[PDB]
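Contents: one structure, followed by commentary.
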Amino acid sequence: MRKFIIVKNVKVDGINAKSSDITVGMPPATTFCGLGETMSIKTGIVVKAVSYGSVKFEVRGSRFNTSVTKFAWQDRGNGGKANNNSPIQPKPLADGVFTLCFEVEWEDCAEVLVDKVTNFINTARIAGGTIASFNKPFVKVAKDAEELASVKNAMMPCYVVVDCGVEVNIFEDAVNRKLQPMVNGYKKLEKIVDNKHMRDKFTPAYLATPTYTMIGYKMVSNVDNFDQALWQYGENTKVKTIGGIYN
Amino acid sequence: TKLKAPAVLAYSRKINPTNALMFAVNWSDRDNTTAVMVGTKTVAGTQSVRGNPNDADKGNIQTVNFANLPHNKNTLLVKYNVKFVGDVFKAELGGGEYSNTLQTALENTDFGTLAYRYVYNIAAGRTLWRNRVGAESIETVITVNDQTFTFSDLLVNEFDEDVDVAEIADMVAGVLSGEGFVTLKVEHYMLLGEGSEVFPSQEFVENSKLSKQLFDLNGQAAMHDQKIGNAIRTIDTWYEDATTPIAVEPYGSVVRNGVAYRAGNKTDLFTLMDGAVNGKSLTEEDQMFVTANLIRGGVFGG
Amino acid sequence: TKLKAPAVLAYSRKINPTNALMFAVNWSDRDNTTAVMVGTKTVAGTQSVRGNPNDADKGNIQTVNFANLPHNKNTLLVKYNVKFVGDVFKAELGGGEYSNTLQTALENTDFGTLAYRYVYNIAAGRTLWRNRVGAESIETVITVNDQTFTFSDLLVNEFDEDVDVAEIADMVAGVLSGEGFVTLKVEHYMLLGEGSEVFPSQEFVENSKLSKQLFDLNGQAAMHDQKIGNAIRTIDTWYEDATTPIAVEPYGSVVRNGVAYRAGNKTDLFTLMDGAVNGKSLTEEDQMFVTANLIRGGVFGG
Amino acid sequence: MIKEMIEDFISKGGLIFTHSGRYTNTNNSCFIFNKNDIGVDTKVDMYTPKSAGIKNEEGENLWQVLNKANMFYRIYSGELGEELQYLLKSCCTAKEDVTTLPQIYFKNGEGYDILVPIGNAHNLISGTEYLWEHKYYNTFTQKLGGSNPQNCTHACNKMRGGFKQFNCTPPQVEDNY
DNA sequence: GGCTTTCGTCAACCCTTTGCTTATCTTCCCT
């Protein structure tokens, strides 16, 4: 027995489009799983999965180059060079209207759940982008599978993410089978021995290289199983769909 | 003694504006919102570069994205929201020793002047650089917590006293000095005239096809959110030999004009930040400058 | 000792005309305005070409956008709005030293003559480019600040002294030498005759498929703002061997004749602003040329 | 010569890596050589201060010669000598810096790990070469180091045309329906 | 003894120019 809260038409601008070194565009499912665990921390409603779809999404720039951001002189000790233009590190920006659907388990009324999600989203930040606007979130429940599809079709219109898996690698199949690659998680390289320059000193830290899976965009109504669009934190330091690989 | 700064001390952005969608309305019917579309024209002119007298004679053809008002609407409407977020002293990467002693030196920041200059940059039309000039009459409508204000004539280069911007600044300073958030939905009604060219954000993009490429959002002319964020924080009238407000930068640096007003004269963010942490009696105006940098946010490498 | 210009020193444009919509009226019925529609006609003629005389006998089929007056209205009307904005010396991208020393070296410029030549180019109908030939009378109605100003017969190659162009140019020079802005609502009534073919701006197109493609705004024949802006600043009678007024470029360069009237002989704009910044006293029309460049705008650096 | 080059590299800072945060930020300088991902066609990046190093008679630095005909895997499997394996591995070190790098939280089960994502160099170089080779034009191109990318990375120093990354824009929803 | 400023050091490309998908609808039945 499943419960969901849907925030439709989440207009967000200033999204850090740099998903990884080789992916620029839509934020991956690690971003929205991070947003889900962020509310698990601030609001206390513990979130299993998030199904996110893109209503609108434009990467700022041309069709072959992204619009770089005019950097500001914010480091310490480079005064005197501040009159000249700051050097640009690559961070593409994008705008996006999203539709989010969080699997939550809740025991109180739907009004306080909607208010808690609204108070989170008013202080949230989708992929480094300020949430410009969002409709009032609404609670829908998936008692059975037809009710699961009711929740699924309540995200209309949006293009959700379905996992199609890795055959050999990322570049090969992106040309061959023409699917989109995105960060489904990370791979740990080395333990980090210096916790002085970090957010926490006690949380263990690892250098990571983003693993990618290959995904497709399908409209949420054309997705047969809603579990193939709900991304959640898998126990391989990755994220994964509940329904597995989309067929 | 001599509490050093963290190497990678960072603060989040507390004035978060949205993208300024440009619509076309009439001064009469300001409810006839019509997406100003980014068009693409091609331009014949003469190439006149500092070192080009040999090639001055020949032409120069550039494809340029333009954005003009339609010839039945004489008013440019600008849509954005501005979310002022609290917890302006909560560093997310810097440690709890330098940042907390930074914070406890900054409760004596008069947040009222910061909020007044932020809302005055919102209301006077500072976020409308090249299209606030040539406008017959500007009109800013600010909606916050189901209550609406209107401003007709606010001169943008100085902050004169009016009770409406100060009344918004009361709740903005309450959010910034305290907790929570506040959101001002801003409606700019700019009587530019019939078919007057509007000025959205241009993009820093390598584009072979378009010499000038504007910012669009579904084709609709729009301005960058960090552009409006630069506009709202353009409050710094406290640097050395201060004449015009510049943007709150860590070094007071407009790289657009090629001049950094707070670099080298011991009035940047880092020297005043170390003075505030290490117990040196910071001035009120330097206090407000450091607080404005913390409101803007940034990472500080050193 | 030599003050080099900034690498990114650029000036915004200060004469901002709109796209000039053409309507059809009568010399009497100026209230009956019907939009001049851009039609498309397929036209067959000879091959011509300077070379290849073997294919002279073959035909030549080209599809051409045309714009004609209807056979019930004998007058072509051209509407545009010229916005003269002030602050012509504040470089938006170079404000500092050079730019500001150019300002102090250009304070005593005769803005009255520059504004007179601008308002005369609007008033004599030079913004009409090839429409003027065949027009029996060109009547220009310039509405400044709700101020109807009628002009009937002004020769274009010289700026003869009248009182109405000078009357508009008084406050146009007050805007240009100072701050603020002024808007000129300009209508051109030209008795071109019954069914006369009018000449709008033509787009630059590389995909071809149509030999002449006229500029249109929702189908109505219109003129590019750049063409009007070129004709307004056609004031430069101060080049070497000056016979006709040319447009103000940094190099004095017109591209039809394939020449540059001010390049290669030390009166192009960059040399003159380098002299004026470095304390070399320019002559009066020299300062008027440099200030007309700053009113036109452009980028002068590198 | 090759040994000449490996030692030219070692007199300098001398880092060979497969992953780095140098692509994310040029001020970062964290260089990581993962051992498990080295294969037959694994492109491998290297760092020198300002991309210094002498060229050969055909005008190539060490980055060209170590990256064609699987030469880095040939030195890595020691077909050209075990003392060369040593020279290669003397340059293959893991240098770490977390400043000017993203630090996110990833759930590891009843707890979180602070992951610092650094970009794979083989992904960048081999993806640029392959997607230019296989005519995949659904991409963005980014020059990483800036105006003069030799202070960034040897691959940014040589591949000045920019690296190919995937255009990850989703399909839009048409509003008029 | 670091420390912060400014000047010197080291380079060199082969590019390509839209779809990705493509929207949440009536049989029985009796009241």
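As a convention, Cβ positions derive from the backbone with ideal geometry for all residues, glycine included, and neighbour counts pool all protein chains shown. Throughout, read-outs are computed from the coordinates displayed, never taken from laboratory work.
Here the contact order of chain A, divided by its residue count and restricted to Cα pairs under 8 Å and six or more residues apart, works out to 27 percent. Annotation for C:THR46, label-to-label distances across the other copies: 3.5 nm (shortest first, one decimal, point 7 Å from Cα along Cα→Cβ). Taking other C-beta atoms within 10 angstrom as a stand-in for reagent exposure, B:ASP286, B:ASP241 fall in the order B:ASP241, B:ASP286, fewest first. The base-10 log of I(q)/I(0) for the range B:139-208, evaluated at q = 0.16, 0.23 Å⁻¹, reads -0.78, -1.12 [Debye formula, identical scatterers on Cα atoms, solvent excluded]. Rg/Rh, computed from the Cα trace of the range A:195-247 with Rh as the Kirkwood radius, has the value 1.16. What's the exposure ranking of A:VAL223, A:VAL166, going from fewest to most Cβ atoms within 10 Å? With the sparsest Cβ surroundings first, the list reads A:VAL166, A:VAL223. With a 10 Å cut-off around each Cβ of A:192-199, the average count of Cβ atoms from other chains is 6. Scaling against 2.2 N^0.38 Å puts the C-alpha radius of gyration of the range C:148-302 at 1.24. Size of the range D:10-80: Rg and Dmax of its alpha carbons, in Å, are 12.8, 37. The alpha-carbon positions of the range B:2-48 define a convex hull whose volume is 321 Å³ per residue.
Across the range D:52-157, Cα-Cα pairs more than 24 Å apart make up 45 percent of the total. Per-residue mean of foreign Cβ neighbours for B:199-205 is 4 (Cβ atoms of other chains, 10 Å radius). Judged by a Cβ-Cβ distance under 4.7 Å, the unpaired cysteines of the protein assembly as shown are A:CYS33, A:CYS101, A:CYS109, A:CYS158, A:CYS164, D:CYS30, D:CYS91, D:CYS92, D:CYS168. Sorted from longest to shortest, the spans of the Cα atoms of the range A:1-108 along the three principal axes equal 61, 35, 23 Å. At q = 0.11, 0.13, 0.17 Å⁻¹ the log10 of I(q)/I(0) for the range A:120-247 amounts to -0.56, -0.76, -1.09, computed by Debye summation with a single uniform scatterer per C-alpha, solvent ignored. Projected over every direction and averaged, the convex hull enclosing the alpha-carbon atoms of the range B:61-145 yields 10.8 nm². When both the range D:103-177 and the range C:249-275 are represented by their alpha-carbon centers, they are found 46 Å apart. Where the alpha-carbon atoms of the range C:170-254 are placed on the principal axes, they occupy 46, 32, 29 Å, in descending order.
Other residues within the sphere of radius under 15 Å centred on the Cβ of B:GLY125, judged by their own Cβ, net out at -2 (K and R +1, D and E -1).
Shown here is the pair-distance distribution of chain A: with all Cα-Cα distances grouped in 5 Å bins from zero up to the longest one, the shares run 1, 6, 12, 16, 18, 17, 13, 9, 5, 3, 1, 0, 0, 0 percent.
A straight line joining the Cα centroids of the range D:11-61 and the range B:124-154 runs 53 Å. Each residue of the range B:204-245 gets 116 Å³ once the volume of the Cα convex hull is shared out per residue. Distance from the C-alpha centroid of the range A:145-205 to that of the range B:192-226: 33 Å, rounded to the whole angstrom.
Counts of other chain beta carbons within 10 angstrom of each beta carbon in peptide A:46-54 average 1. Sparse packing (at most 13 other Cβ atoms within 10 Å of the Cβ) combined with a DSSP loop state is found for the following trypsin sites (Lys or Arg not before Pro) in the range B:250-302: B:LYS266, B:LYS280.
Shown here: the protein assembly as shown, whose C-alpha atoms stretch 89, 75, 70 Å along the first, second and third principal axes, sorted largest to smallest. Local charge for B:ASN74 was computed over the other residues whose Cβ lies under 9 Å away, with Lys and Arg +1 and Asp and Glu -1, and equals -1. Each copy carries a label point for C:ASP146 at 7 Å from Cα along the beta-carbon vector; from one copy to the others these points are 4.0 nm apart, nearest first. By its C-alpha gyration tensor, with a ≥ b ≥ c as the square roots of the eigenvalues, how is the range C:1-158 shaped: rounded for a/c under 1.5, else prolate for a/b larger than b/c, else oblate? It comes out oblate by the Cα gyration axes. The sum of -39500 (n - 2.57) across all DSSP H runs of n ≥ 4, divided by the residue count of chain A, sets its helix-only mean residue ellipticity at 222 nm to -5000 deg cm²/dmol. Cα-based values for the range B:119-167, radius of gyration first and Dmax second, are 10.9, 32 Å. The alpha carbon radius of gyration of chain D, expressed as a multiple of 2.2 N^0.38 Å, is 1.15. What FRET efficiency do you get for C:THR40 and D:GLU174 if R0 is 45 Å and r is their Cβ-Cβ distance, rounded to the nearest 0.05? In this case the efficiency is close to 0.90. Taking N as the residue count of chain B, its C-alpha radius of gyration divided by 2.2 N^0.38 Å amounts to 1.11. Size descriptors for the range A:64-156 (Cα atoms only): Rg and Dmax, in that order, 20.8, 66 Å. Each Cα pair under 8 Å and six or more residues apart adds its separation to the average, and for chain B the resulting relative contact order is 28 percent. With label points set 7 Å from Cα along Cα→Cβ, the inter-copy distances at B:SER281 are 5.4 nm, sorted shortest first.
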